[PDB]
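**Q** This is target01.cif, which holds mmCIF, C-alpha atoms and all ligand atoms; chains and numbers go by the auth columns:
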data_my_file
#
loop_
_atom_site.group_PDB
_atom_site.id
_atom_site.type_symbol
_atom_site.label_atom_id
_atom_site.label_comp_id
_atom_site.label_asym_id
_atom_site.label_seq_id
_atom_site.Cartn_x
_atom_site.Cartn_y
_atom_site.Cartn_z
_atom_site.B_iso_or_equiv
_atom_site.auth_seq_id
_atom_site.auth_asym_id
ATOM 1 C CA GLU A 1 -33.691 77.596 11.745 0.00 1 A
ATOM 2 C CA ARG A 2 -33.248 73.928 10.797 0.00 2 A
ATOM 3 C CA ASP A 3 -36.736 72.687 9.871 0.00 3 A
ATOM 4 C CA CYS A 4 -37.387 69.460 11.748 0.00 4 A
ATOM 5 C CA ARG A 5 -40.992 69.049 10.634 0.00 5 A
ATOM 6 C CA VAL A 6 -41.404 65.540 9.241 0.00 6 A
ATOM 7 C CA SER A 7 -43.455 66.856 6.302 0.00 7 A
ATOM 8 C CA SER A 8 -40.402 68.967 5.293 0.00 8 A
ATOM 9 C CA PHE A 9 -38.000 66.041 4.991 0.00 9 A
ATOM 10 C CA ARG A 10 -36.625 65.219 1.609 0.00 10 A
ATOM 11 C CA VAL A 11 -36.675 61.660 0.415 0.00 11 A
ATOM 12 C CA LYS A 12 -35.057 59.800 -2.494 0.00 12 A
ATOM 13 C CA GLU A 13 -35.870 61.174 -5.951 0.00 13 A
ATOM 14 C CA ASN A 14 -37.380 58.620 -8.341 0.00 14 A
ATOM 15 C CA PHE A 15 -36.889 55.789 -5.884 0.00 15 A
ATOM 16 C CA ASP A 16 -36.467 52.475 -7.720 0.00 16 A
ATOM 17 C CA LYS A 17 -37.844 49.549 -5.727 0.00 17 A
ATOM 18 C CA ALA A 18 -36.317 46.908 -8.014 0.00 18 A
ATOM 19 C CA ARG A 19 -32.822 48.384 -7.807 0.00 19 A
ATOM 20 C CA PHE A 20 -33.162 48.541 -4.012 0.00 20 A
ATOM 21 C CA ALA A 21 -33.816 44.830 -3.707 0.00 21 A
ATOM 22 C CA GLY A 22 -31.371 42.384 -2.149 0.00 22 A
ATOM 23 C CA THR A 23 -29.247 42.357 0.968 0.00 23 A
ATOM 24 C CA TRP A 24 -28.766 45.391 3.152 0.00 24 A
ATOM 25 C CA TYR A 25 -26.622 45.250 6.321 0.00 25 A
ATOM 26 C CA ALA A 26 -27.618 47.689 9.134 0.00 26 A
ATOM 27 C CA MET A 27 -24.477 49.500 10.144 0.00 27 A
ATOM 28 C CA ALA A 28 -25.890 52.153 12.445 0.00 28 A
ATOM 29 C CA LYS A 29 -29.287 52.952 13.971 0.00 29 A
ATOM 30 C CA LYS A 30 -31.240 55.553 15.865 0.00 30 A
ATOM 31 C CA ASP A 31 -33.714 53.899 18.231 0.00 31 A
ATOM 32 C CA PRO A 32 -37.357 54.593 18.889 0.00 32 A
ATOM 33 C CA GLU A 33 -39.105 54.089 22.191 0.00 33 A
ATOM 34 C CA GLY A 34 -39.587 50.577 23.453 0.00 34 A
ATOM 35 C CA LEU A 35 -38.515 47.233 22.134 0.00 35 A
ATOM 36 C CA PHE A 36 -36.361 47.342 19.029 0.00 36 A
ATOM 37 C CA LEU A 37 -33.842 45.337 17.056 0.00 37 A
ATOM 38 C CA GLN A 38 -30.434 45.542 18.748 0.00 38 A
ATOM 39 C CA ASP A 39 -27.760 44.229 16.421 0.00 39 A
ATOM 40 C CA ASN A 40 -26.801 41.595 13.825 0.00 40 A
ATOM 41 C CA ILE A 41 -29.419 43.325 11.688 0.00 41 A
ATOM 42 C CA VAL A 42 -29.593 42.239 8.066 0.00 42 A
ATOM 43 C CA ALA A 43 -32.525 42.953 5.739 0.00 43 A
ATOM 44 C CA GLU A 44 -33.475 41.209 2.483 0.00 44 A
ATOM 45 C CA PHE A 45 -35.685 43.270 0.189 0.00 45 A
ATOM 46 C CA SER A 46 -37.651 41.832 -2.726 0.00 46 A
ATOM 47 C CA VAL A 47 -40.040 43.202 -5.366 0.00 47 A
ATOM 48 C CA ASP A 48 -42.499 41.015 -7.236 0.00 48 A
ATOM 49 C CA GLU A 49 -43.722 41.215 -10.805 0.00 49 A
ATOM 50 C CA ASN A 50 -46.466 43.688 -9.967 0.00 50 A
ATOM 51 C CA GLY A 51 -44.085 46.028 -8.107 0.00 51 A
ATOM 52 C CA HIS A 52 -44.997 44.912 -4.609 0.00 52 A
ATOM 53 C CA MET A 53 -42.061 45.380 -2.262 0.00 53 A
ATOM 54 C CA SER A 54 -41.500 43.179 0.805 0.00 54 A
ATOM 55 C CA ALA A 55 -38.619 42.309 3.077 0.00 55 A
ATOM 56 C CA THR A 56 -37.365 39.855 5.603 0.00 56 A
ATOM 57 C CA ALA A 57 -35.019 40.898 8.381 0.00 57 A
ATOM 58 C CA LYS A 58 -32.970 39.171 11.005 0.00 58 A
ATOM 59 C CA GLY A 59 -31.588 40.730 14.154 0.00 59 A
ATOM 60 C CA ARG A 60 -31.005 40.100 17.844 0.00 60 A
ATOM 61 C CA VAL A 61 -33.506 41.509 20.286 0.00 61 A
ATOM 62 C CA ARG A 62 -33.461 41.274 24.017 0.00 62 A
ATOM 63 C CA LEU A 63 -36.825 40.926 25.549 0.00 63 A
ATOM 64 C CA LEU A 64 -37.929 43.080 28.535 0.00 64 A
ATOM 65 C CA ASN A 65 -36.775 40.074 30.643 0.00 65 A
ATOM 66 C CA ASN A 66 -33.102 39.729 29.475 0.00 66 A
ATOM 67 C CA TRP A 67 -34.023 36.915 27.039 0.00 67 A
ATOM 68 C CA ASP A 68 -31.978 37.307 23.841 0.00 68 A
ATOM 69 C CA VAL A 69 -33.642 36.003 20.673 0.00 69 A
ATOM 70 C CA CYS A 70 -32.992 36.165 17.002 0.00 70 A
ATOM 71 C CA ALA A 71 -36.005 37.918 15.550 0.00 71 A
ATOM 72 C CA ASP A 72 -37.010 36.793 12.087 0.00 72 A
ATOM 73 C CA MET A 73 -39.201 39.587 10.786 0.00 73 A
ATOM 74 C CA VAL A 74 -41.341 40.094 7.711 0.00 74 A
ATOM 75 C CA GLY A 75 -42.538 43.401 6.199 0.00 75 A
ATOM 76 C CA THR A 76 -44.861 44.162 3.344 0.00 76 A
ATOM 77 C CA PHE A 77 -44.861 47.680 1.849 0.00 77 A
ATOM 78 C CA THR A 78 -47.719 49.731 0.474 0.00 78 A
ATOM 79 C CA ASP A 79 -46.891 52.385 -2.059 0.00 79 A
ATOM 80 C CA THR A 80 -48.020 56.002 -1.621 0.00 80 A
ATOM 81 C CA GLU A 81 -48.131 59.190 -3.664 0.00 81 A
ATOM 82 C CA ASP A 82 -44.397 59.546 -3.013 0.00 82 A
ATOM 83 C CA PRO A 83 -42.338 56.731 -4.553 0.00 83 A
ATOM 84 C CA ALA A 84 -39.907 56.812 -1.621 0.00 84 A
ATOM 85 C CA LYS A 85 -42.542 56.743 1.152 0.00 85 A
ATOM 86 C CA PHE A 86 -44.212 53.462 2.117 0.00 86 A
ATOM 87 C CA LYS A 87 -46.385 52.052 4.809 0.00 87 A
ATOM 88 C CA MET A 88 -44.723 48.867 6.185 0.00 88 A
ATOM 89 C CA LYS A 89 -46.870 46.221 7.849 0.00 89 A
ATOM 90 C CA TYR A 90 -44.572 43.927 9.820 0.00 90 A
ATOM 91 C CA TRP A 91 -44.615 40.850 12.025 0.00 91 A
ATOM 92 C CA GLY A 92 -42.375 38.076 13.246 0.00 92 A
ATOM 93 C CA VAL A 93 -42.042 34.406 12.383 0.00 93 A
ATOM 94 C CA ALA A 94 -42.414 33.892 16.162 0.00 94 A
ATOM 95 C CA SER A 95 -45.873 34.974 17.339 0.00 95 A
ATOM 96 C CA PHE A 96 -44.478 36.854 20.395 0.00 96 A
ATOM 97 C CA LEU A 97 -42.447 39.320 18.313 0.00 97 A
ATOM 98 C CA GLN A 98 -43.802 42.848 17.783 0.00 98 A
ATOM 99 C CA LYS A 99 -46.247 43.488 14.977 0.00 99 A
ATOM 100 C CA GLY A 100 -47.160 46.846 13.598 0.00 100 A
ATOM 101 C CA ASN A 101 -47.563 49.309 10.752 0.00 101 A
ATOM 102 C CA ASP A 102 -44.808 51.902 10.378 0.00 102 A
ATOM 103 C CA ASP A 103 -43.931 54.538 7.856 0.00 103 A
ATOM 104 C CA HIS A 104 -40.899 53.471 5.892 0.00 104 A
ATOM 105 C CA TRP A 105 -39.140 56.283 4.078 0.00 105 A
ATOM 106 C CA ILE A 106 -36.007 55.949 1.885 0.00 106 A
ATOM 107 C CA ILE A 107 -34.266 59.212 2.643 0.00 107 A
ATOM 108 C CA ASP A 108 -31.333 58.575 0.370 0.00 108 A
ATOM 109 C CA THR A 109 -29.553 55.750 -1.350 0.00 109 A
ATOM 110 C CA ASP A 110 -27.160 55.113 -4.194 0.00 110 A
ATOM 111 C CA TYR A 111 -28.519 51.527 -4.414 0.00 111 A
ATOM 112 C CA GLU A 112 -25.049 49.987 -4.664 0.00 112 A
ATOM 113 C CA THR A 113 -23.375 51.227 -1.464 0.00 113 A
ATOM 114 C CA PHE A 114 -25.616 52.855 1.177 0.00 114 A
ATOM 115 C CA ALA A 115 -29.142 53.675 2.225 0.00 115 A
ATOM 116 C CA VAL A 116 -30.621 55.912 4.893 0.00 116 A
ATOM 117 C CA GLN A 117 -34.070 54.868 6.067 0.00 117 A
ATOM 118 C CA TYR A 118 -36.439 56.711 8.417 0.00 118 A
ATOM 119 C CA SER A 119 -39.702 56.156 10.265 0.00 119 A
ATOM 120 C CA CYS A 120 -41.643 58.589 12.399 0.00 120 A
ATOM 121 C CA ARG A 121 -44.089 56.753 14.633 0.00 121 A
ATOM 122 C CA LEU A 122 -45.617 59.785 16.324 0.00 122 A
ATOM 123 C CA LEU A 123 -45.856 63.482 15.438 0.00 123 A
ATOM 124 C CA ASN A 124 -45.540 66.201 17.936 0.00 124 A
ATOM 125 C CA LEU A 125 -48.174 68.896 17.742 0.00 125 A
ATOM 126 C CA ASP A 126 -45.612 71.124 15.972 0.00 126 A
ATOM 127 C CA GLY A 127 -45.049 68.545 13.226 0.00 127 A
ATOM 128 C CA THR A 128 -41.639 67.406 14.438 0.00 128 A
ATOM 129 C CA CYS A 129 -41.239 63.728 15.244 0.00 129 A
ATOM 130 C CA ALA A 130 -41.852 62.618 18.815 0.00 130 A
ATOM 131 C CA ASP A 131 -40.739 58.979 18.280 0.00 131 A
ATOM 132 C CA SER A 132 -38.509 58.038 15.348 0.00 132 A
ATOM 133 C CA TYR A 133 -36.155 55.336 14.210 0.00 133 A
ATOM 134 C CA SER A 134 -33.602 55.291 11.410 0.00 134 A
ATOM 135 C CA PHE A 135 -31.237 52.766 9.878 0.00 135 A
ATOM 136 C CA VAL A 136 -28.069 53.355 7.925 0.00 136 A
ATOM 137 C CA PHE A 137 -27.681 50.344 5.610 0.00 137 A
ATOM 138 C CA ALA A 138 -24.697 49.144 3.592 0.00 138 A
ATOM 139 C CA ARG A 139 -24.388 46.698 0.740 0.00 139 A
ATOM 140 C CA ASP A 140 -20.972 45.743 2.092 0.00 140 A
ATOM 141 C CA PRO A 141 -20.636 45.199 5.854 0.00 141 A
ATOM 142 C CA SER A 142 -16.957 46.063 5.911 0.00 142 A
ATOM 143 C CA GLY A 143 -17.618 49.763 5.898 0.00 143 A
ATOM 144 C CA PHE A 144 -18.155 52.991 4.000 0.00 144 A
ATOM 145 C CA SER A 145 -15.727 55.215 2.267 0.00 145 A
ATOM 146 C CA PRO A 146 -15.105 58.601 3.827 0.00 146 A
ATOM 147 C CA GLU A 147 -16.948 60.082 0.841 0.00 147 A
ATOM 148 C CA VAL A 148 -20.129 58.074 1.563 0.00 148 A
ATOM 149 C CA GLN A 149 -19.824 58.791 5.292 0.00 149 A
ATOM 150 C CA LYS A 150 -19.935 62.501 4.541 0.00 150 A
ATOM 151 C CA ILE A 151 -23.216 62.134 2.686 0.00 151 A
ATOM 152 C CA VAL A 152 -24.764 59.911 5.339 0.00 152 A
ATOM 153 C CA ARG A 153 -23.866 62.447 8.028 0.00 153 A
ATOM 154 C CA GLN A 154 -25.548 65.154 6.038 0.00 154 A
ATOM 155 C CA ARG A 155 -28.747 63.133 5.670 0.00 155 A
ATOM 156 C CA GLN A 156 -28.695 62.473 9.432 0.00 156 A
ATOM 157 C CA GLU A 157 -28.511 66.218 10.052 0.00 157 A
ATOM 158 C CA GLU A 158 -31.418 66.787 7.653 0.00 158 A
ATOM 159 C CA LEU A 159 -33.556 64.356 9.669 0.00 159 A
ATOM 160 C CA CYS A 160 -32.644 66.177 12.881 0.00 160 A
ATOM 161 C CA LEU A 161 -31.021 62.967 14.085 0.00 161 A
ATOM 162 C CA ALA A 162 -27.360 63.915 13.973 0.00 162 A
ATOM 163 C CA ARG A 163 -25.326 62.431 16.814 0.00 163 A
ATOM 164 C CA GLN A 164 -28.231 60.138 17.745 0.00 164 A
ATOM 165 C CA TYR A 165 -27.033 56.997 15.991 0.00 165 A
ATOM 166 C CA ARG A 166 -25.067 54.051 17.361 0.00 166 A
ATOM 167 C CA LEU A 167 -22.890 51.632 15.454 0.00 167 A
ATOM 168 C CA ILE A 168 -24.296 48.119 15.277 0.00 168 A
ATOM 169 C CA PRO A 169 -22.153 44.959 15.393 0.00 169 A
ATOM 170 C CA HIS A 170 -22.324 41.857 13.322 0.00 170 A
ATOM 171 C CA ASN A 171 -20.938 38.842 15.124 0.00 171 A
ATOM 172 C CA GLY A 172 -22.855 35.866 13.788 0.00 172 A
ATOM 173 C CA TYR A 173 -25.384 35.733 16.633 0.00 173 A
ATOM 174 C CA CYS A 174 -28.306 35.027 14.346 0.00 174 A
ATOM 175 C CA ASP A 175 -26.979 31.919 12.537 0.00 175 A
HETATM 176 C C1 LIG B . -39.713 44.406 9.151 0.00 1 B
HETATM 177 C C2 LIG B . -38.576 45.242 8.652 0.00 1 B
HETATM 178 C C3 LIG B . -37.916 46.277 9.387 0.00 1 B
HETATM 179 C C4 LIG B . -38.256 46.599 10.771 0.00 1 B
HETATM 180 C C5 LIG B . -38.296 45.737 11.803 0.00 1 B
HETATM 181 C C6 LIG B . -38.718 46.002 13.120 0.00 1 B
HETATM 182 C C7 LIG B . -39.327 47.381 13.524 0.00 1 B
HETATM 183 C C8 LIG B . -38.551 45.006 14.040 0.00 1 B
HETATM 184 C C9 LIG B . -38.869 44.959 15.366 0.00 1 B
HETATM 185 C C10 LIG B . -38.828 43.863 16.142 0.00 1 B
HETATM 186 C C11 LIG B . -39.151 43.760 17.504 0.00 1 B
HETATM 187 C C12 LIG B . -39.371 45.022 18.406 0.00 1 B
HETATM 188 C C13 LIG B . -39.033 42.497 18.125 0.00 1 B
HETATM 189 C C14 LIG B . -39.295 42.180 19.594 0.00 1 B
HETATM 190 O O1 LIG B . -40.660 41.813 19.727 0.00 1 B
HETATM 191 C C15 LIG B . -36.824 47.142 8.737 0.00 1 B
HETATM 192 C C16 LIG B . -37.072 48.642 8.980 0.00 1 B
HETATM 193 C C17 LIG B . -35.507 46.745 9.388 0.00 1 B
HETATM 194 C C18 LIG B . -36.815 46.936 7.220 0.00 1 B
HETATM 195 C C19 LIG B . -36.818 45.464 6.798 0.00 1 B
HETATM 196 C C20 LIG B . -38.138 44.854 7.265 0.00 1 B
#
Now that the file is in, can you turn its structure into structure tokens?
Ligand SMILES: CC1=C(/C=C/C(C)=C/C=C/C(C)=C/CO)C(C)(C)CCC1
**A**
Amino acid sequence: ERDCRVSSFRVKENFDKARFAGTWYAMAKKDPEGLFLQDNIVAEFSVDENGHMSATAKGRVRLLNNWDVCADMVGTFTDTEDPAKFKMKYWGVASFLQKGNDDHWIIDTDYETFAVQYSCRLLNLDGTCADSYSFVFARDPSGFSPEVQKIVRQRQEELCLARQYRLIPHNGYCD
């Protein structure tokens, strides 16, 4: 009975790019297939005068070969018919880092305390997601209230990703 079709998923009402800007610490994540950011993940969102959203992000990634690096990533966002759904083109400062073009959906946020992001990289034939990732972001890296945790858990259920997230440390690795 829970609808896990990606096209069914609610996203943030009247999403406000400018209010979303600034520093977001990734507290928890659900991983996609393949190489991905591991931890010490901090994103910096910005919006220019014409409404164009972009971000930088830092995080540790371990290459296929056990080589740990601090990835310095860049993303530029293209707006769509839904103000909370973007296409994110991304690349690294280092040429060997992954480049791509991912959906970037703001599932929920209160702008001042938390955000839940989501990306489906591949649909199954039934419209559910075959390869997703999701970040839970915080403005404050010390933690969420129990009240905010409750809401985040709900959103995670709504994305059919409950119990699939891991907590992410911050330990200064990338500076
Ligand atoms: C750009 C960008 C994001 C995604 C980064 C990704 C997907 C990084 C992957 C790096 C890899 C796999 C490095 C190893 O080559 C998030 C969603 C955090 C929002 C802020 C801007």
**Q** At what distance in Å, to one decimal, does atom CA of residue 110 of chain A lie from atom CA of residue 140 of chain A?
**A**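 Interatomic distance here is 12.9 Å.
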**Q** For segment 18-111 of chain A against segment 115-132 of chain A, with a cut-off of 8 Å and counting all atoms listed in the file, what is the closest atom pair and its distance in Å to one decimal for every residue that makes the cut, ordered by chain and number, as a Markdown table?
**A**
| residue | atom | partner | partner_atom | distance |
| --- | --- | --- | --- | --- |
| A:30 | CA | A:132 | CA | 7.7 |
| A:31 | CA | A:132 | CA | 7.0 |
| A:32 | CA | A:132 | CA | 5.1 |
| A:33 | CA | A:131 | CA | 6.5 |
| A:102 | CA | A:121 | CA | 6.5 |
| A:103 | CA | A:119 | CA | 5.1 |
| A:104 | CA | A:119 | CA | 5.3 |
| A:105 | CA | A:118 | CA | 5.1 |
| A:106 | CA | A:117 | CA | 4.7 |
| A:107 | CA | A:116 | CA | 5.4 |
| A:108 | CA | A:116 | CA | 5.3 |
| A:109 | CA | A:115 | CA | 4.2 |
| A:110 | CA | A:115 | CA | 6.9 |
| A:111 | CA | A:115 | CA | 7.0 |
**Q** At most 8 Å is the cut-off: for each residue in chain A with any atom that close to an atom of ligand LIG 1 (chain B), write down the nearest atom pair and the distance in Å rounded to one decimal, counting all atoms listed in the file, chain first then increasing number, as a Markdown table.
**A**
| residue | atom | partner | partner_atom | distance |
| --- | --- | --- | --- | --- |
| A:26 | CA | B:LIG1 | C17 | 7.9 |
| A:34 | CA | B:LIG1 | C12 | 7.5 |
| A:35 | CA | B:LIG1 | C12 | 4.4 |
| A:36 | CA | B:LIG1 | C12 | 3.9 |
| A:37 | CA | B:LIG1 | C10 | 5.3 |
| A:41 | CA | B:LIG1 | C17 | 7.4 |
| A:42 | CA | B:LIG1 | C17 | 7.6 |
| A:43 | CA | B:LIG1 | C19 | 5.1 |
| A:44 | CA | B:LIG1 | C19 | 6.9 |
| A:45 | CA | B:LIG1 | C19 | 7.1 |
| A:54 | CA | B:LIG1 | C20 | 7.5 |
| A:55 | CA | B:LIG1 | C20 | 4.9 |
| A:56 | CA | B:LIG1 | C20 | 5.3 |
| A:57 | CA | B:LIG1 | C19 | 5.2 |
| A:61 | CA | B:LIG1 | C14 | 5.9 |
| A:62 | CA | B:LIG1 | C14 | 7.4 |
| A:63 | CA | B:LIG1 | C14 | 6.6 |
| A:71 | CA | B:LIG1 | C13 | 6.1 |
| A:73 | CA | B:LIG1 | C1 | 5.1 |
| A:74 | CA | B:LIG1 | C1 | 4.8 |
| A:75 | CA | B:LIG1 | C1 | 4.2 |
| A:76 | CA | B:LIG1 | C1 | 7.8 |
| A:88 | CA | B:LIG1 | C1 | 7.3 |
| A:89 | CA | B:LIG1 | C1 | 7.5 |
| A:90 | CA | B:LIG1 | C1 | 4.9 |
| A:91 | CA | B:LIG1 | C1 | 6.7 |
| A:92 | CA | B:LIG1 | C10 | 7.4 |
| A:96 | CA | B:LIG1 | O1 | 6.3 |
| A:97 | CA | B:LIG1 | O1 | 3.4 |
| A:98 | CA | B:LIG1 | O1 | 3.8 |
| A:99 | CA | B:LIG1 | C10 | 7.5 |
| A:100 | CA | B:LIG1 | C7 | 7.9 |
| A:102 | CA | B:LIG1 | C7 | 7.8 |
| A:104 | CA | B:LIG1 | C16 | 6.9 |
| A:117 | CA | B:LIG1 | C16 | 7.5 |
| A:134 | CA | B:LIG1 | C16 | 7.9 |
| A:135 | CA | B:LIG1 | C16 | 7.2 |
**Q** What is the atom CA of residue 78 of chain A to atom CA of residue 17 of chain A distance in Å?
**A**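 Atom-to-atom, atom CA of residue 78 of chain A and atom CA of residue 17 of chain A are spaced 11.7 Å apart.
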**Q** Rank nothing, just name the residue among A:23, A:153, A:72, A:77 nearest to residue 175 of chain A, using only C-alpha atoms.
**A** A:72
**Q** If you count only C-alpha atoms, which residues fall within 8 Å of residue 114 of chain A, apart from same-chain ones fewer than 4 positions away, as a PyMOL selection string?
**A** chain A and resi 109-110+136-139+144+148
**Q** At most 7 Å from (-21.7, 50.4, 9.9), file frame, only C-alpha atoms: which residues, as a PyMOL selection string?
**A** chain A and resi 26-28+141+143+167-168
